[PDB]
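Pasted below: work.pdb, PDB, C-alpha atoms and all ligand atoms.
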```pdb
ATOM      1  CA  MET A   9     -22.034  -6.813  -1.457  1.00  0.00           C
ATOM      2  CA  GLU A  10     -18.787  -5.099  -0.395  1.00  0.00           C
ATOM      3  CA  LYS A  11     -17.572  -6.315   3.011  1.00  0.00           C
ATOM      4  CA  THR A  12     -15.905  -3.984   5.506  1.00  0.00           C
ATOM      5  CA  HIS A  13     -12.664  -5.982   5.211  1.00  0.00           C
ATOM      6  CA  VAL A  14     -11.214  -8.129   2.413  1.00  0.00           C
ATOM      7  CA  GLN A  15      -8.446 -10.675   2.630  1.00  0.00           C
ATOM      8  CA  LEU A  16      -5.758  -9.962   0.104  1.00  0.00           C
ATOM      9  CA  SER A  17      -2.342 -11.404  -0.678  1.00  0.00           C
ATOM     10  CA  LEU A  18      -0.145  -8.571  -1.917  1.00  0.00           C
ATOM     11  CA  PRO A  19       3.015  -9.055  -3.942  1.00  0.00           C
ATOM     12  CA  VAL A  20       6.022  -7.542  -2.178  1.00  0.00           C
ATOM     13  CA  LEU A  21       8.229  -5.734  -4.685  1.00  0.00           C
ATOM     14  CA  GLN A  22      11.785  -4.508  -4.473  1.00  0.00           C
ATOM     15  CA  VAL A  23      11.885  -0.770  -4.928  1.00  0.00           C
ATOM     16  CA  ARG A  24      14.326  -0.846  -7.829  1.00  0.00           C
ATOM     17  CA  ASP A  25      11.984  -3.140  -9.785  1.00  0.00           C
ATOM     18  CA  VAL A  26       8.914  -0.903  -9.550  1.00  0.00           C
ATOM     19  CA  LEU A  27       7.901   0.523 -12.871  1.00  0.00           C
ATOM     20  CA  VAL A  28       5.067   2.863 -11.800  1.00  0.00           C
ATOM     21  CA  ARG A  29       6.233   4.555  -8.648  1.00  0.00           C
ATOM     22  CA  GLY A  30       2.991   6.036  -7.298  1.00  0.00           C
ATOM     23  CA  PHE A  31      -0.737   6.199  -7.852  1.00  0.00           C
ATOM     24  CA  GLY A  32      -1.287   9.817  -8.774  1.00  0.00           C
ATOM     25  CA  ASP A  33      -0.851  13.473  -8.040  1.00  0.00           C
ATOM     26  CA  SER A  34      -2.987  14.310  -4.993  1.00  0.00           C
ATOM     27  CA  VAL A  35      -3.884  12.661  -1.725  1.00  0.00           C
ATOM     28  CA  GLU A  36      -7.429  11.983  -2.838  1.00  0.00           C
ATOM     29  CA  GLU A  37      -6.321  10.502  -6.149  1.00  0.00           C
ATOM     30  CA  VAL A  38      -3.702   8.196  -4.673  1.00  0.00           C
ATOM     31  CA  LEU A  39      -6.088   6.784  -2.116  1.00  0.00           C
ATOM     32  CA  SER A  40      -8.736   6.287  -4.794  1.00  0.00           C
ATOM     33  CA  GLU A  41      -6.405   4.616  -7.258  1.00  0.00           C
ATOM     34  CA  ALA A  42      -4.797   2.464  -4.567  1.00  0.00           C
ATOM     35  CA  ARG A  43      -8.217   1.198  -3.540  1.00  0.00           C
ATOM     36  CA  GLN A  44      -9.135   0.413  -7.139  1.00  0.00           C
ATOM     37  CA  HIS A  45      -5.882  -1.450  -7.770  1.00  0.00           C
ATOM     38  CA  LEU A  46      -6.376  -3.398  -4.548  1.00  0.00           C
ATOM     39  CA  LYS A  47      -9.818  -4.444  -5.770  1.00  0.00           C
ATOM     40  CA  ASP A  48      -8.451  -5.379  -9.209  1.00  0.00           C
ATOM     41  CA  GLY A  49      -5.522  -7.386  -7.898  1.00  0.00           C
ATOM     42  CA  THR A  50      -2.985  -4.994  -9.399  1.00  0.00           C
ATOM     43  CA  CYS A  51      -1.422  -3.505  -6.263  1.00  0.00           C
ATOM     44  CA  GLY A  52       2.008  -4.248  -4.905  1.00  0.00           C
ATOM     45  CA  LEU A  53       3.714  -3.460  -1.615  1.00  0.00           C
ATOM     46  CA  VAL A  54       7.220  -2.119  -1.041  1.00  0.00           C
ATOM     47  CA  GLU A  55       8.615  -2.544   2.452  1.00  0.00           C
ATOM     48  CA  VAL A  56      10.011   0.731   3.801  1.00  0.00           C
ATOM     49  CA  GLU A  57      13.738   0.784   4.527  1.00  0.00           C
ATOM     50  CA  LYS A  58      16.189   3.664   4.436  1.00  0.00           C
ATOM     51  CA  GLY A  59      16.341   5.029   0.891  1.00  0.00           C
ATOM     52  CA  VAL A  60      13.027   3.621  -0.259  1.00  0.00           C
ATOM     53  CA  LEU A  61      10.647   6.566  -0.063  1.00  0.00           C
ATOM     54  CA  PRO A  62      12.971   8.973  -1.974  1.00  0.00           C
ATOM     55  CA  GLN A  63      12.886   6.452  -4.820  1.00  0.00           C
ATOM     56  CA  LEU A  64       9.089   6.551  -5.004  1.00  0.00           C
ATOM     57  CA  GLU A  65       6.663   9.291  -5.926  1.00  0.00           C
ATOM     58  CA  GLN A  66       4.580  11.364  -3.585  1.00  0.00           C
ATOM     59  CA  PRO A  67       1.872  11.417  -2.449  1.00  0.00           C
ATOM     60  CA  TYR A  68       2.569   8.058  -0.842  1.00  0.00           C
ATOM     61  CA  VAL A  69      -0.023   5.465   0.151  1.00  0.00           C
ATOM     62  CA  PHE A  70       0.875   3.407   3.189  1.00  0.00           C
ATOM     63  CA  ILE A  71      -0.831   0.336   4.580  1.00  0.00           C
ATOM     64  CA  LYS A  72      -0.755   0.627   8.358  1.00  0.00           C
ATOM     65  CA  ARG A  73      -1.762  -1.831  11.048  1.00  0.00           C
ATOM     66  CA  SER A  74      -5.214  -1.066  12.357  1.00  0.00           C
ATOM     67  CA  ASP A  75      -5.531  -3.373  15.359  1.00  0.00           C
ATOM     68  CA  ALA A  76      -3.592  -5.666  17.687  1.00  0.00           C
ATOM     69  CA  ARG A  77      -5.834  -8.720  18.215  1.00  0.00           C
ATOM     70  CA  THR A  78      -7.104  -9.946  14.822  1.00  0.00           C
ATOM     71  CA  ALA A  79      -4.938 -11.752  12.271  1.00  0.00           C
ATOM     72  CA  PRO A  80      -7.352 -14.375  10.906  1.00  0.00           C
ATOM     73  CA  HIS A  81      -5.366 -16.816   8.828  1.00  0.00           C
ATOM     74  CA  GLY A  82      -2.168 -14.733   8.581  1.00  0.00           C
ATOM     75  CA  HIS A  83      -3.971 -11.580   7.510  1.00  0.00           C
ATOM     76  CA  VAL A  84      -2.958  -8.519   9.533  1.00  0.00           C
ATOM     77  CA  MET A  85      -5.768  -5.956   9.641  1.00  0.00           C
ATOM     78  CA  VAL A  86      -4.685  -2.797   7.791  1.00  0.00           C
ATOM     79  CA  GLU A  87      -5.955   0.531   6.562  1.00  0.00           C
ATOM     80  CA  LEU A  88      -4.729   3.096   4.074  1.00  0.00           C
ATOM     81  CA  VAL A  89      -3.025   6.358   5.009  1.00  0.00           C
ATOM     82  CA  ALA A  90      -1.635   8.847   2.520  1.00  0.00           C
ATOM     83  CA  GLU A  91       1.303  11.209   2.963  1.00  0.00           C
ATOM     84  CA  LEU A  92       2.244  14.377   1.095  1.00  0.00           C
ATOM     85  CA  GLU A  93       4.914  16.885   2.044  1.00  0.00           C
ATOM     86  CA  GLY A  94       5.236  15.422   5.523  1.00  0.00           C
ATOM     87  CA  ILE A  95       1.525  15.532   6.362  1.00  0.00           C
ATOM     88  CA  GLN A  96      -0.474  12.335   6.806  1.00  0.00           C
ATOM     89  CA  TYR A  97      -4.138  11.891   5.923  1.00  0.00           C
ATOM     90  CA  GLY A  98      -5.431   9.293   8.328  1.00  0.00           C
ATOM     91  CA  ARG A  99      -4.015   8.058  11.623  1.00  0.00           C
ATOM     92  CA  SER A 100      -3.253   4.385  12.121  1.00  0.00           C
ATOM     93  CA  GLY A 101      -0.676   1.990  13.461  1.00  0.00           C
ATOM     94  CA  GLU A 102       2.672   0.772  12.235  1.00  0.00           C
ATOM     95  CA  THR A 103       3.492   0.815   8.524  1.00  0.00           C
ATOM     96  CA  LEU A 104       3.656  -2.519   6.731  1.00  0.00           C
ATOM     97  CA  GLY A 105       4.772  -0.846   3.511  1.00  0.00           C
ATOM     98  CA  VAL A 106       4.101   1.599   0.740  1.00  0.00           C
ATOM     99  CA  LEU A 107       1.636   0.592  -1.978  1.00  0.00           C
ATOM    100  CA  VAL A 108       2.450   0.908  -5.653  1.00  0.00           C
ATOM    101  CA  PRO A 109       0.799  -0.268  -8.860  1.00  0.00           C
ATOM    102  CA  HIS A 110       1.763  -3.787  -9.783  1.00  0.00           C
ATOM    103  CA  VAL A 111       2.309  -4.183 -13.526  1.00  0.00           C
ATOM    104  CA  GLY A 112       3.936  -7.635 -13.629  1.00  0.00           C
ATOM    105  CA  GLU A 113       7.080  -7.188 -11.576  1.00  0.00           C
ATOM    106  CA  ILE A 114       8.310 -10.373  -9.926  1.00  0.00           C
ATOM    107  CA  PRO A 115       7.750 -10.220  -6.158  1.00  0.00           C
ATOM    108  CA  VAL A 116      10.070 -11.447  -3.466  1.00  0.00           C
ATOM    109  CA  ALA A 117       7.235 -12.499  -1.121  1.00  0.00           C
ATOM    110  CA  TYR A 118       3.509 -12.136  -0.655  1.00  0.00           C
ATOM    111  CA  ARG A 119       2.041 -10.258   2.309  1.00  0.00           C
ATOM    112  CA  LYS A 120      -1.351 -11.333   3.616  1.00  0.00           C
ATOM    113  CA  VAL A 121      -3.569  -8.518   4.839  1.00  0.00           C
ATOM    114  CA  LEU A 122      -7.147  -7.960   5.876  1.00  0.00           C
ATOM    115  CA  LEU A 123      -7.813  -4.605   4.270  1.00  0.00           C
ATOM    116  CA  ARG A 124     -10.354  -2.205   5.673  1.00  0.00           C
ATOM    117  CA  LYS A 125     -12.532  -1.042   2.771  1.00  0.00           C
TER     118      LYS A 125
HETATM  119  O1  LIG B 201      -7.448   5.469 -14.701  1.00  0.00           O
HETATM  120  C1  LIG B 201      -7.247   4.192 -14.154  1.00  0.00           C
HETATM  121  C2  LIG B 201      -6.422   3.373 -15.148  1.00  0.00           C
HETATM  122  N1  LIG B 201      -5.245   2.811 -14.504  1.00  0.00           N
HETATM  123  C3  LIG B 201      -4.033   3.200 -15.225  1.00  0.00           C
HETATM  124  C4  LIG B 201      -2.817   2.475 -14.636  1.00  0.00           C
HETATM  125  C5  LIG B 201      -2.106   3.012 -13.565  1.00  0.00           C
HETATM  126  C6  LIG B 201      -1.011   2.342 -13.023  1.00  0.00           C
HETATM  127  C7  LIG B 201      -0.618   1.119 -13.571  1.00  0.00           C
HETATM  128  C8  LIG B 201      -1.313   0.589 -14.652  1.00  0.00           C
HETATM  129  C9  LIG B 201      -2.414   1.271 -15.180  1.00  0.00           C
END
```

Starting from the coordinates I provided, produce the structure as structure tokens.
Amino acid sequence: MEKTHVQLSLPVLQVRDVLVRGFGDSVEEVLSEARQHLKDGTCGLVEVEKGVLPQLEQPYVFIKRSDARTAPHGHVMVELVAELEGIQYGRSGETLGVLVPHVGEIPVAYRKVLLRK
């Protein structure tokens, strides 16, 4: 029943509000946990600016733009890419943000994406 892509609206969190600053301790774990939280509706997004990544925990999970032509509704097509110690696991387009668990923080916006699953 699982489609290749799912439309999600992700809460955009300010980095200083985030209570759980990463998904886990290895590349494989963070990707796994990020995908589960995305399915459960408990994933937030932090937009990357100077100073943001040092305030979060590695490995990082990024959502990156996967294509240039399809934004049905306002949902940019994205895929997950993890980073640890300067090495990325996946190759994709431009970063839309870094994913983190969402545990009830108040967002500043919602970001519509079409997530490749
Ligand atoms: O083992 C999967 C259970 N999820 C634990 C968790 C992680 C981050 C925020 C809230 C809860």

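Each of A:92, A:124, A:119, A:110 was checked against residue 36 in chain A using all atoms listed in the file; the smallest atom-to-atom distance is that of A:92.
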
For the file shown, what are the residues hit by the PyMOL selection byres (((chain A and resi 53) around 10) and not hetatm), laid out as a count of residues only? 26

Taken to one decimal, the CA of residue 58 in chain A-CA of residue 78 in chain A distance is 28.9 Å

Check the smallest atom-to-atom distance from each of A:60, A:111, A:39, A:79 to ligand LIG 201 (chain B) using all atoms listed in the file, then report the winner.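 Going through A:60, A:111, A:39, A:79 one by one, the smallest distance to ligand LIG 201 (chain B) is for A:111.
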
Care to translate the PyMOL selection byres (((not hetatm)) within 12 of (chain B and resi 201)) into actual residues of this file, as a ChimeraX atom specification? /A:26-33,37-38,40-46,48-52,107-113

Output the residue selection produced by the PyMOL selection byres (((chain A and resi 98) around 10) and not hetatm) on the file above, formatted as a PyMOL selection string. chain A and resi 72+87-91+95-97+99-100

Separation of CA of residue 80 in chain A and CA of residue 120 in chain A, in Å?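 Between these atoms lies a distance of 9.9 Å.
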
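Interatomic distance, CA of residue 59 in chain A to CA of residue 103 in chain A: 15.5 Å.
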
Nearest to residue 67 in chain A among A:121, A:93, A:86, A:14, with distances taken over all atoms listed in the file: which residue is it? A:93

Around all the atoms of range 116-125 of chain A listed in the file, with 5 Å of room on each side, what axis-aligned box do you get, giving centre and edge lengths in Å to one decimal, as AutoDock Vina command-line options?
```
--center_x -1.2 --center_y -6.8 --center_z 1.2 --size_x 32.6 --size_y 21.5 --size_z 19.3
```
